Amino acid sequence: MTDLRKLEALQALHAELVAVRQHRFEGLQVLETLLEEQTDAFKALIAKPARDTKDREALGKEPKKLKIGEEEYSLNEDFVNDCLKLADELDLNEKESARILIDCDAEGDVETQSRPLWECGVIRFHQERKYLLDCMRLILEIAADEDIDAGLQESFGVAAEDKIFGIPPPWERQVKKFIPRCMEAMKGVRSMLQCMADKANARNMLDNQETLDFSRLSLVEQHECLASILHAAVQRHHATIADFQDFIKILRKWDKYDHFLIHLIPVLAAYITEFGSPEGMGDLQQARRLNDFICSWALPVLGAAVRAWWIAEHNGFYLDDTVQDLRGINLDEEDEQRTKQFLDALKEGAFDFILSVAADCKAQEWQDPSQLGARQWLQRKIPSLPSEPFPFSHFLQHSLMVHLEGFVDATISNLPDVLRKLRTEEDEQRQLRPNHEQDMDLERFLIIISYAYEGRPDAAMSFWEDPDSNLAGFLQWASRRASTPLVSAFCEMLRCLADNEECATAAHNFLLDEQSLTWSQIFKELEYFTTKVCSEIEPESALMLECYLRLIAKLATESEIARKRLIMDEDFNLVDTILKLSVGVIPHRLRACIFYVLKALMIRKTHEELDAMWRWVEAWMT
Amino acid sequence: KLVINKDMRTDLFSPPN
Amino acid sequence: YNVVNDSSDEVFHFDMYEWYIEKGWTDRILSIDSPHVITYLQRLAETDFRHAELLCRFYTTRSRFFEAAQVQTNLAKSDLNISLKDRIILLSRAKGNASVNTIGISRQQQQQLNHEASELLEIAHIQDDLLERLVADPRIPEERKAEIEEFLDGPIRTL
């Protein structure tokens, strides 16, 4: 139709944005026509008129005829009761609340859902904020898409500056900035959600359960959209120090761990990147004050992670003495200060919190049984989520992985001596007291690196292109003599860094000799464990065997040269070892891993390989 | 739609009546 | 104010809409969900500028920009007692409101209105530049200026 209401206007507009995002430009002329009709909507993100007494007393005094804009309607004793109910639950003005209910009668959605008329008003109200805010994310997302025409990419850019951020275009030109409205906007969502649980829990302590669940889902989605919009706005260098201080204070006043903190994490990450790192407001003098300001907290792990990130990002200034001025300043004292601060942050559990957040972010309802118990053998002391149905999006995960990989690169290219001293400390601690379990800082860091580099071959290739870079340097340095946990973490990292065939072949060529880990030692340990079981076993040995089996299966499924070599290698004879191990007394996990390795090796085979496999199976089963 | 007609106007520099 | 909003007297609520308008309480009138006030305005919108402005506010906040551009344009072309400068504001608003999408209305219908408002706004600015200059001109007799102000400070004239 052409005369669509507010709800139908936003729903139709959303479909158009998806078309342009999915490589469908058949609605260019129709898209521009909608932004002009909803100009007043994009200006204010979310604002509910306060409940006024003039309309409350007037609505109930003469509930006979209602006049909204140009049209006229008649109020009856039944409809009038729904207006007061909707206005009370949401604390919305009677005039605005009535318009929402009128839209339901016209569209006639009461029969499509079979719910009370007053309840539909709550859903219709939440739908407006959903599309009104969700559509904004698509505009900025399409404005940053590099796989589209440069002309179209710029059209949505300037439009967002004026429609969303209220900044006029360059060819023209009391008002309030966007951030202060966004901060107050998100605040209303929190206060509205808090009062919702208090009132809902009171009456609960019905047919509206699903409606309350849908409203909570819409609220969390709107909060995520507002967080993404704030992140995008900050990415354009449109912030200041006051907003940063306010955000830091809000974080310090954080009470409970929930999805909102995970959504705000990237906001603080971008803040530190713009201010802390030398990729933004490059005011060296200003950075000194922020350092002392950051370096009250109701949750020490948050402050530890914040300080660690700030140090990692701000240690890039003190690399050379030619791109900036470093006169009349001592270096060793500041280096020792940053080192002790990072050590304290580690002891407080910064990497632990980062790993817990990364794990809770990608929480999947179902997981492949081929990777059970992987990366779940640590000591997690951080409380988990309440398990409520709040699934995450994809852009948020992408941004989180990008920020994590950036932090990893920064920490590897800025603080190598820190990692060296930490590894030496862990080694000497495990040596002087083997009965005790030393800290898992390095293992947690490697697991975080693995989580960051997952399904992103464009970034994983960086570890193979330049073998003389810092990334390859750390990769080859982390393969020397170490304990079982570090070897297992490195094997898991290698397995997760094989999303394609090229990376698998690169890892295969780098693992074998051309000291670092080699297939020779792996097979020697396999044969040793086989002879020991066949003439007990510790959890570390089982974990190492499972990691080796998973890595072999991944390499065989991804690479071809390894599959063709190991299958007929005379010096390895992996099949015999895995069979002698499976026929022994061991848990079912090792047998399952061996079976999956066999499957991977036999994913692509020929007549000779089939004959050999059948011969071995018959010989070992007869 | 413009139509110039210098012929019959109203003297802009003389009062009315 | 409870007793007021709890009434079902319709002539009363009409008299109160008029009274809110009089006192200037755009605060409380724009905050009424009801269509009853919209319908009341739709009958007297094309009767008075102040009422039309209220009607257009209700449309815009409901993303019905094209309908407001229609009310504003007709008001600028009308023979109501409206000053030229007020007719420049009406056209300028209509031009903006017709340049943005309004759902349920064809791109062709939007552009044709945005084009009519753009042309009439161009003529209106010319007329305003003339009237201002003529009134201020030292070489124009006072007797003529009053006559110029009568014929140019009103509906928009042909080029």
# chains A, B, ... in the order shown; residues from 1 in each chain; ligands from 1

$ residues_around --residues "segment 133-150 of chain C" --least-positions-apart "5" --cutoff "12 Å" --atoms "only C-alpha atoms" --output "list in words"
residues 10, 11, 12, 13, 14, 15, 16 and 17 of chain B; 81, 83, 84, 126, 127, 128 and 155 of chain C

$ residues_around --residues "residue 90 of chain C" --least-positions-apart "2" --cutoff "7 Å" --atoms "only C-alpha atoms" --output "JSON, numbers by chain"
{"C": [72, 73, 76, 86, 87, 88, 92, 93, 94]}

$ closest_residue --among "A:398, A:54, A:5, A:95" --to "chain C" --atoms "only C-alpha atoms"
A:95

$ residues_around --residues "residue 280 of chain A" --least-positions-apart "3" --cutoff "10 Å" --atoms "only C-alpha atoms" --output "list in words"
residues 235, 236, 237, 271, 272, 273, 274, 275, 276, 277 and 283 of chain A

$ write_last_selection --atoms "C-alpha atoms" --output "JSON list (two decimals), in the first residue's frame"
[["chain", "number", "residue", "atom", "x", "y", "z"],
["A", 235, "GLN", "CA", 34.77, 4.94, 15.05],
["A", 236, "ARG", "CA", 34.38, 8.28, 13.23],
["A", 237, "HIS", "CA", 36.31, 10.23, 15.91],
["A", 271, "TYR", "CA", 37.57, 4.13, 23.27],
["A", 272, "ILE", "CA", 41.02, 2.90, 24.30],
["A", 273, "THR", "CA", 41.97, 2.37, 20.65],
["A", 274, "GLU", "CA", 41.03, 5.94, 19.72],
["A", 275, "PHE", "CA", 42.54, 7.52, 22.86],
["A", 276, "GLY", "CA", 45.02, 5.02, 24.29],
["A", 277, "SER", "CA", 46.61, 3.74, 21.09],
["A", 283, "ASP", "CA", 47.98, 14.10, 21.99]]

$ residues_around --residues "segment 508-512 of chain A" --least-positions-apart "3" --cutoff "12 Å" --atoms "only C-alpha atoms" --output "ChimeraX atom specification"
/A:463-465,467,472,475-476,479-480,490-491,494-495,497-498,501-505,515-522,551-552,554-556,558-563,565-566

$ residues_around --residues "residue 39 of chain C" --least-positions-apart "3" --cutoff "12 Å" --atoms "only C-alpha atoms" --output "MDAnalysis selection string"
(chainID A and resid 65:74) or (chainID C and resid 14 17 34:36 42:45 51 54:55 58:59)

$ write_last_selection --atoms "C-alpha atoms" --output "PDB file, in the first residue's frame"
ATOM      1  CA  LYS A  65     -15.003  11.398  20.673  1.00  0.00           C
ATOM      2  CA  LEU A  66     -11.244  11.479  20.086  1.00  0.00           C
ATOM      3  CA  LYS A  67      -9.426  13.707  17.586  1.00  0.00           C
ATOM      4  CA  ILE A  68      -5.880  12.724  16.574  1.00  0.00           C
ATOM      5  CA  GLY A  69      -4.299  14.891  13.891  1.00  0.00           C
ATOM      6  CA  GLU A  70      -6.703  15.073  10.949  1.00  0.00           C
ATOM      7  CA  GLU A  71      -8.835  11.965  11.546  1.00  0.00           C
ATOM      8  CA  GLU A  72     -11.523  11.479  14.189  1.00  0.00           C
ATOM      9  CA  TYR A  73     -12.444   8.423  16.247  1.00  0.00           C
ATOM     10  CA  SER A  74     -15.129   7.459  18.760  1.00  0.00           C
TER      11      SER A  74
ATOM     12  CA  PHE C  14     -13.915  20.508  21.598  1.00  0.00           C
ATOM     13  CA  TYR C  17      -8.980  21.757  22.478  1.00  0.00           C
ATOM     14  CA  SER C  34      -6.668  10.249  20.615  1.00  0.00           C
ATOM     15  CA  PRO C  35      -7.644  10.633  16.945  1.00  0.00           C
ATOM     16  CA  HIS C  36     -10.668  12.644  18.147  1.00  0.00           C
ATOM     17  CA  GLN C  42      -9.024  17.984   9.918  1.00  0.00           C
ATOM     18  CA  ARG C  43     -12.306  19.920   9.640  1.00  0.00           C
ATOM     19  CA  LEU C  44     -10.838  23.322  10.612  1.00  0.00           C
ATOM     20  CA  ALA C  45      -7.291  22.838   9.284  1.00  0.00           C
ATOM     21  CA  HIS C  51      -4.952  25.023  13.504  1.00  0.00           C
ATOM     22  CA  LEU C  54      -1.141  21.753  14.832  1.00  0.00           C
ATOM     23  CA  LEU C  55      -2.521  19.254  12.313  1.00  0.00           C
ATOM     24  CA  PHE C  58       0.497  15.442  14.376  1.00  0.00           C
ATOM     25  CA  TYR C  59       1.199  14.160  10.858  1.00  0.00           C
TER      26      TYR C  59
END

$ select_by_dssp --residues "segment 13-143 of chain C" --states "helix (DSSP H, G or I)" --output "VMD selection string"
chain C and resid 13 to 23 26 to 29 36 to 47 49 to 61 65 to 77 84 to 98 107 to 136 142 to 143

$ closest_residue --among "C:115, C:77, C:23, C:62" --to "residue 103 of chain C" --atoms "only C-alpha atoms"
C:62

$ interface_residues --of "chain C" --to "chain A" --cutoff "9 Å" --atoms "only C-alpha atoms" --output "PDB file with N, CA and C atoms, in the first residue's frame"
ATOM      1  N   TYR C   1      -7.506  17.791  37.053  1.00  0.00           N
ATOM      2  CA  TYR C   1      -7.334  17.383  35.665  1.00  0.00           C
ATOM      3  C   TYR C   1      -7.835  15.963  35.417  1.00  0.00           C
ATOM      4  N   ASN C   2      -7.931  15.130  36.456  1.00  0.00           N
ATOM      5  CA  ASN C   2      -8.638  13.863  36.313  1.00  0.00           C
ATOM      6  C   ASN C   2     -10.080  14.097  35.872  1.00  0.00           C
ATOM      7  N   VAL C   3     -10.819  14.933  36.612  1.00  0.00           N
ATOM      8  CA  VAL C   3     -12.219  15.202  36.282  1.00  0.00           C
ATOM      9  C   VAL C   3     -12.350  15.634  34.826  1.00  0.00           C
ATOM     10  N   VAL C   4     -11.364  16.378  34.320  1.00  0.00           N
ATOM     11  CA  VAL C   4     -11.403  16.845  32.936  1.00  0.00           C
ATOM     12  C   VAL C   4     -11.285  15.665  31.977  1.00  0.00           C
ATOM     13  N   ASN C   5     -10.218  14.878  32.118  1.00  0.00           N
ATOM     14  CA  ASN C   5      -9.980  13.766  31.203  1.00  0.00           C
ATOM     15  C   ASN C   5     -10.944  12.608  31.417  1.00  0.00           C
ATOM     16  N   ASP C   6     -11.711  12.607  32.506  1.00  0.00           N
ATOM     17  CA  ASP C   6     -12.695  11.565  32.778  1.00  0.00           C
ATOM     18  C   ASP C   6     -14.069  11.885  32.185  1.00  0.00           C
ATOM     19  N   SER C   7     -14.184  12.948  31.397  1.00  0.00           N
ATOM     20  CA  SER C   7     -15.466  13.378  30.861  1.00  0.00           C
ATOM     21  C   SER C   7     -15.756  12.705  29.524  1.00  0.00           C
ATOM     22  N   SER C   8     -17.047  12.615  29.204  1.00  0.00           N
ATOM     23  CA  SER C   8     -17.516  12.137  27.906  1.00  0.00           C
ATOM     24  C   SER C   8     -18.320  13.198  27.167  1.00  0.00           C
ATOM     25  N   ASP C   9     -18.361  14.424  27.686  1.00  0.00           N
ATOM     26  CA  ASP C   9     -18.994  15.534  26.988  1.00  0.00           C
ATOM     27  C   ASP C   9     -18.132  15.931  25.794  1.00  0.00           C
ATOM     28  N   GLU C  10     -18.706  15.857  24.592  1.00  0.00           N
ATOM     29  CA  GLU C  10     -17.916  16.050  23.381  1.00  0.00           C
ATOM     30  C   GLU C  10     -17.760  17.528  23.045  1.00  0.00           C
ATOM     31  N   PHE C  12     -17.679  19.678  25.158  1.00  0.00           N
ATOM     32  CA  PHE C  12     -16.715  20.114  26.158  1.00  0.00           C
ATOM     33  C   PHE C  12     -15.287  19.896  25.675  1.00  0.00           C
ATOM     34  N   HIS C  13     -14.985  18.686  25.196  1.00  0.00           N
ATOM     35  CA  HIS C  13     -13.627  18.392  24.758  1.00  0.00           C
ATOM     36  C   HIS C  13     -13.233  19.218  23.538  1.00  0.00           C
ATOM     37  N   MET C  16     -12.265  22.493  24.937  1.00  0.00           N
ATOM     38  CA  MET C  16     -10.987  22.405  25.639  1.00  0.00           C
ATOM     39  C   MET C  16      -9.808  22.343  24.674  1.00  0.00           C
ATOM     40  N   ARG C  28       0.314  20.052  26.275  1.00  0.00           N
ATOM     41  CA  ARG C  28      -0.694  19.065  26.634  1.00  0.00           C
ATOM     42  C   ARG C  28      -1.513  18.588  25.439  1.00  0.00           C
ATOM     43  N   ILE C  29      -1.649  19.399  24.389  1.00  0.00           N
ATOM     44  CA  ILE C  29      -2.508  18.999  23.275  1.00  0.00           C
ATOM     45  C   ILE C  29      -1.785  18.017  22.358  1.00  0.00           C
ATOM     46  N   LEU C  30      -0.514  18.283  22.047  1.00  0.00           N
ATOM     47  CA  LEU C  30       0.242  17.369  21.207  1.00  0.00           C
ATOM     48  C   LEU C  30       0.433  16.014  21.875  1.00  0.00           C
ATOM     49  N   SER C  31       0.201  15.926  23.187  1.00  0.00           N
ATOM     50  CA  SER C  31       0.434  14.718  23.963  1.00  0.00           C
ATOM     51  C   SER C  31      -0.821  13.861  24.119  1.00  0.00           C
ATOM     52  N   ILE C  32      -1.818  14.040  23.251  1.00  0.00           N
ATOM     53  CA  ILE C  32      -3.058  13.270  23.300  1.00  0.00           C
ATOM     54  C   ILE C  32      -2.974  12.168  22.253  1.00  0.00           C
ATOM     55  N   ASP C  33      -3.089  10.916  22.706  1.00  0.00           N
ATOM     56  CA  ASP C  33      -3.088   9.779  21.791  1.00  0.00           C
ATOM     57  C   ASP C  33      -4.275   9.831  20.836  1.00  0.00           C
ATOM     58  N   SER C  34      -5.387  10.402  21.290  1.00  0.00           N
ATOM     59  CA  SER C  34      -6.668  10.249  20.615  1.00  0.00           C
ATOM     60  C   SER C  34      -6.617  10.702  19.158  1.00  0.00           C
ATOM     61  N   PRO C  35      -7.365  10.041  18.262  1.00  0.00           N
ATOM     62  CA  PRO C  35      -7.644  10.633  16.945  1.00  0.00           C
ATOM     63  C   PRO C  35      -8.737  11.688  16.976  1.00  0.00           C
ATOM     64  N   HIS C  36      -9.587  11.673  18.007  1.00  0.00           N
ATOM     65  CA  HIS C  36     -10.668  12.644  18.147  1.00  0.00           C
ATOM     66  C   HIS C  36     -10.169  14.074  17.959  1.00  0.00           C
ATOM     67  N   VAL C  37      -8.964  14.369  18.445  1.00  0.00           N
ATOM     68  CA  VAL C  37      -8.400  15.703  18.258  1.00  0.00           C
ATOM     69  C   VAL C  37      -7.902  15.880  16.826  1.00  0.00           C
ATOM     70  N   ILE C  38      -7.345  14.825  16.221  1.00  0.00           N
ATOM     71  CA  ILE C  38      -6.945  14.903  14.816  1.00  0.00           C
ATOM     72  C   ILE C  38      -8.163  15.167  13.938  1.00  0.00           C
ATOM     73  N   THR C  39      -9.215  14.368  14.115  1.00  0.00           N
ATOM     74  CA  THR C  39     -10.422  14.548  13.316  1.00  0.00           C
ATOM     75  C   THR C  39     -10.994  15.944  13.507  1.00  0.00           C
ATOM     76  N   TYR C  40     -10.937  16.460  14.737  1.00  0.00           N
ATOM     77  CA  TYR C  40     -11.423  17.810  14.995  1.00  0.00           C
ATOM     78  C   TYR C  40     -10.600  18.841  14.235  1.00  0.00           C
ATOM     79  N   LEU C  41      -9.295  18.598  14.101  1.00  0.00           N
ATOM     80  CA  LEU C  41      -8.436  19.517  13.365  1.00  0.00           C
ATOM     81  C   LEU C  41      -8.636  19.394  11.859  1.00  0.00           C
ATOM     82  N   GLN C  42      -8.893  18.182  11.358  1.00  0.00           N
ATOM     83  CA  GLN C  42      -9.024  17.984   9.918  1.00  0.00           C
ATOM     84  C   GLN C  42     -10.173  18.787   9.326  1.00  0.00           C
ATOM     85  N   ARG C  43     -11.175  19.143  10.134  1.00  0.00           N
ATOM     86  CA  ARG C  43     -12.306  19.920   9.640  1.00  0.00           C
ATOM     87  C   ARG C  43     -12.001  21.413   9.593  1.00  0.00           C
ATOM     88  N   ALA C  45      -8.671  22.611   9.704  1.00  0.00           N
ATOM     89  CA  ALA C  45      -7.291  22.838   9.284  1.00  0.00           C
ATOM     90  C   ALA C  45      -7.218  23.901   8.197  1.00  0.00           C
ATOM     91  N   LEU C  54      -0.959  22.866  13.905  1.00  0.00           N
ATOM     92  CA  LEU C  54      -1.141  21.753  14.832  1.00  0.00           C
ATOM     93  C   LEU C  54      -1.356  20.448  14.082  1.00  0.00           C
ATOM     94  N   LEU C  55      -2.265  20.456  13.098  1.00  0.00           N
ATOM     95  CA  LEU C  55      -2.521  19.254  12.313  1.00  0.00           C
ATOM     96  C   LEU C  55      -1.242  18.721  11.692  1.00  0.00           C
ATOM     97  N   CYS C  56      -0.408  19.610  11.150  1.00  0.00           N
ATOM     98  CA  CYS C  56       0.823  19.158  10.515  1.00  0.00           C
ATOM     99  C   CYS C  56       1.793  18.564  11.528  1.00  0.00           C
ATOM    100  N   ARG C  57       1.829  19.098  12.754  1.00  0.00           N
ATOM    101  CA  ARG C  57       2.685  18.503  13.776  1.00  0.00           C
ATOM    102  C   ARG C  57       2.272  17.065  14.060  1.00  0.00           C
ATOM    103  N   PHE C  58       0.962  16.804  14.140  1.00  0.00           N
ATOM    104  CA  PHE C  58       0.497  15.442  14.376  1.00  0.00           C
ATOM    105  C   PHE C  58       0.909  14.511  13.242  1.00  0.00           C
ATOM    106  N   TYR C  59       0.798  14.981  11.997  1.00  0.00           N
ATOM    107  CA  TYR C  59       1.199  14.160  10.858  1.00  0.00           C
ATOM    108  C   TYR C  59       2.688  13.829  10.912  1.00  0.00           C
ATOM    109  N   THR C  60       3.535  14.845  11.106  1.00  0.00           N
ATOM    110  CA  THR C  60       4.980  14.630  11.031  1.00  0.00           C
ATOM    111  C   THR C  60       5.460  13.653  12.097  1.00  0.00           C
ATOM    112  N   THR C  61       5.024  13.839  13.349  1.00  0.00           N
ATOM    113  CA  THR C  61       5.435  12.925  14.408  1.00  0.00           C
ATOM    114  C   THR C  61       4.982  11.496  14.139  1.00  0.00           C
ATOM    115  N   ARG C  62       4.003  11.306  13.248  1.00  0.00           N
ATOM    116  CA  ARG C  62       3.569   9.990  12.802  1.00  0.00           C
ATOM    117  C   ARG C  62       4.160   9.616  11.442  1.00  0.00           C
ATOM    118  N   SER C  63       5.253  10.270  11.037  1.00  0.00           N
ATOM    119  CA  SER C  63       5.955   9.975   9.791  1.00  0.00           C
ATOM    120  C   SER C  63       5.057  10.105   8.559  1.00  0.00           C
ATOM    121  N   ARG C  64       3.966  10.857   8.662  1.00  0.00           N
ATOM    122  CA  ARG C  64       3.100  11.143   7.520  1.00  0.00           C
ATOM    123  C   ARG C  64       3.473  12.492   6.907  1.00  0.00           C
ATOM    124  N   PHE C  65       4.696  12.542   6.374  1.00  0.00           N
ATOM    125  CA  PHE C  65       5.257  13.808   5.912  1.00  0.00           C
ATOM    126  C   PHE C  65       4.525  14.329   4.682  1.00  0.00           C
ATOM    127  N   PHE C  66       4.089  13.434   3.788  1.00  0.00           N
ATOM    128  CA  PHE C  66       3.452  13.891   2.556  1.00  0.00           C
ATOM    129  C   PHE C  66       2.124  14.575   2.841  1.00  0.00           C
ATOM    130  N   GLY C  96      10.485  20.358   2.215  1.00  0.00           N
ATOM    131  CA  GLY C  96      11.225  19.351   2.957  1.00  0.00           C
ATOM    132  C   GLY C  96      10.425  18.080   3.172  1.00  0.00           C
ATOM    133  N   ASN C  97       9.152  18.223   3.556  1.00  0.00           N
ATOM    134  CA  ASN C  97       8.351  17.052   3.903  1.00  0.00           C
ATOM    135  C   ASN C  97       8.041  16.184   2.689  1.00  0.00           C
ATOM    136  N   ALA C  98       7.943  16.774   1.496  1.00  0.00           N
ATOM    137  CA  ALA C  98       7.690  15.988   0.294  1.00  0.00           C
ATOM    138  C   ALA C  98       8.953  15.377  -0.295  1.00  0.00           C
ATOM    139  N   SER C  99      10.133  15.796   0.166  1.00  0.00           N
ATOM    140  CA  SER C  99      11.394  15.263  -0.337  1.00  0.00           C
ATOM    141  C   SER C  99      11.808  13.964   0.343  1.00  0.00           C
ATOM    142  N   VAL C 100      11.098  13.541   1.389  1.00  0.00           N
ATOM    143  CA  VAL C 100      11.426  12.329   2.135  1.00  0.00           C
ATOM    144  C   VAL C 100      10.309  11.321   1.925  1.00  0.00           C
ATOM    145  N   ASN C 101      10.651  10.044   2.071  1.00  0.00           N
ATOM    146  CA  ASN C 101       9.694   8.980   1.816  1.00  0.00           C
ATOM    147  C   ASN C 101       8.564   9.015   2.836  1.00  0.00           C
ATOM    148  N   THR C 102       7.345   8.813   2.343  1.00  0.00           N
ATOM    149  CA  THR C 102       6.172   8.594   3.176  1.00  0.00           C
ATOM    150  C   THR C 102       5.538   7.297   2.707  1.00  0.00           C
ATOM    151  N   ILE C 103       5.287   6.383   3.643  1.00  0.00           N
ATOM    152  CA  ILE C 103       4.919   5.027   3.266  1.00  0.00           C
ATOM    153  C   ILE C 103       3.489   5.002   2.743  1.00  0.00           C
ATOM    154  N   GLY C 104       3.279   4.252   1.661  1.00  0.00           N
ATOM    155  CA  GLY C 104       1.987   4.149   1.018  1.00  0.00           C
ATOM    156  C   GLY C 104       1.744   5.145  -0.094  1.00  0.00           C
ATOM    157  N   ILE C 105       2.736   5.965  -0.443  1.00  0.00           N
ATOM    158  CA  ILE C 105       2.582   7.028  -1.428  1.00  0.00           C
ATOM    159  C   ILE C 105       3.695   6.902  -2.457  1.00  0.00           C
ATOM    160  N   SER C 106       3.331   7.016  -3.734  1.00  0.00           N
ATOM    161  CA  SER C 106       4.268   6.744  -4.816  1.00  0.00           C
ATOM    162  C   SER C 106       5.321   7.841  -4.928  1.00  0.00           C
ATOM    163  N   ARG C 107       6.526   7.434  -5.336  1.00  0.00           N
ATOM    164  CA  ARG C 107       7.607   8.392  -5.551  1.00  0.00           C
ATOM    165  C   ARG C 107       7.180   9.502  -6.504  1.00  0.00           C
ATOM    166  N   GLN C 110       5.106  12.123  -4.564  1.00  0.00           N
ATOM    167  CA  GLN C 110       5.982  12.931  -3.723  1.00  0.00           C
ATOM    168  C   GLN C 110       6.704  13.990  -4.545  1.00  0.00           C
TER     169      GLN C 110
END

$ closest_residue --among "C:108, C:118, C:26, C:47" --to "residue 78 of chain C" --atoms "only C-alpha atoms"
C:47

$ residues_around --residues "segment 1-4 of chain B" --least-positions-apart "4" --cutoff "12 Å" --atoms "only C-alpha atoms" --output "ChimeraX atom specification"
/B:8-9 /C:119,123,157-159

$ write_last_selection --atoms "C-alpha atoms" --output "mmCIF file, in the first residue's frame"
data_model
loop_
_atom_site.group_PDB
_atom_site.id
_atom_site.type_symbol
_atom_site.label_atom_id
_atom_site.label_comp_id
_atom_site.auth_asym_id
_atom_site.auth_seq_id
_atom_site.Cartn_x
_atom_site.Cartn_y
_atom_site.Cartn_z
ATOM 1 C CA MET B 8 -0.838 49.474 -19.967
ATOM 2 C CA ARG B 9 0.584 49.458 -16.450
ATOM 3 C CA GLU C 119 8.693 26.535 -7.730
ATOM 4 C CA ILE C 123 8.603 32.849 -6.718
ATOM 5 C CA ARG C 157 1.667 36.548 -7.503
ATOM 6 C CA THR C 158 2.497 35.424 -11.014
ATOM 7 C CA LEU C 159 5.956 36.091 -12.418
#

$ closest_residue --among "A:206, A:47, A:20, A:446" --to "residue 128 of chain A" --atoms "only C-alpha atoms"
A:47

$ atom_distance --atom1 "atom CA of residue 69 of chain C" --atom2 "atom CA of residue 44 of chain A"
21.0 Å

$ residues_around --residues "residue 239 of chain A" --least-positions-apart "5" --cutoff "8 Å" --atoms "only C-alpha atoms" --output "MDAnalysis selection string"
chainID A and resid 179 234 244
